[PDB]
């Protein structure tokens, strides 16, 4: 099976990547497929807040360390995240009500994780899912306690911790150009960057239903109009794994100059959180599915 990462690099992009973690790399055929076919790895779960700081100051890095070392040994780029994401917060964080304390807790979490891997991580997802569907800011503990400046603070802190990393904000339901959330994140990122906030990229969490790939062809250029140096496609999977949907997403990447690459959410269908929708590029026997071969043919042209 030809390598989608090699082929996308030949078209001028940076990577075709995949999310993984230690117990994937030691089972199935995941390591062999990643070695041959993908150019970047992300930790699925091992870098999230609940996995890395389950109680205050008690950092759990064993799983993340394994993935970083494996990637370095095998010549792969590393992306990591998410530093600030309400969905993976442990209870001790969401109980904090003092603005000074929560600011320092957020800063220490960012600084500790980024310093540990300083210079080794290409892309950090710093803030995730900060927007409501109507485009207002999501009322998470960080917004409620710190206020809207928590986003500037997070990015400023991350830039100081590792100036080499590309810093991204990420969100989902940015797959349609007419959806209010898509326009809102563009407007807010434009404003933040105009005031000097170091947001290098917007990452679109592309968890799609059948037939939604076509809309990404119009949504991704819109996200790119915010003026960040980079945009990316993250967490990609498609219910039913139709070649048409997957090829449309790949072509959206190719059409947007600032889109650096694509990361799929897993290797093989049985290891998806959405396994009954068989939404990935390899089947339960680790054979490439028609969508994989269709991407290969699209990138060869």
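Residue numbers count along the first chain shown, from 1.
Between 160 to 168 and 176 to 184, the higher mean Cα B-factor belongs to 176 to 184.
Mean CA temperature factor is higher for 248 to 256 when stretches 31 to 39 and 248 to 256 are set side by side in the entry. Residue-level inspection of the entry shows that, of 100, 112, 204, 209, 100 has the top Cα B-factor. When the C-alpha B-factors of 79, 213, 152, 128 are read from the PDB record, the largest value belongs to 152. Residue 75: CA B factor lies in the lowest third for its chain, per the PDB record. When the modelled residues of the chain are ordered by their C-alpha B factor, residue 124 lands in the lowest third.
Per the deposited record, the Cα B-factor of residue 1 falls in the highest third when ranked against the other modelled residues of its chain.
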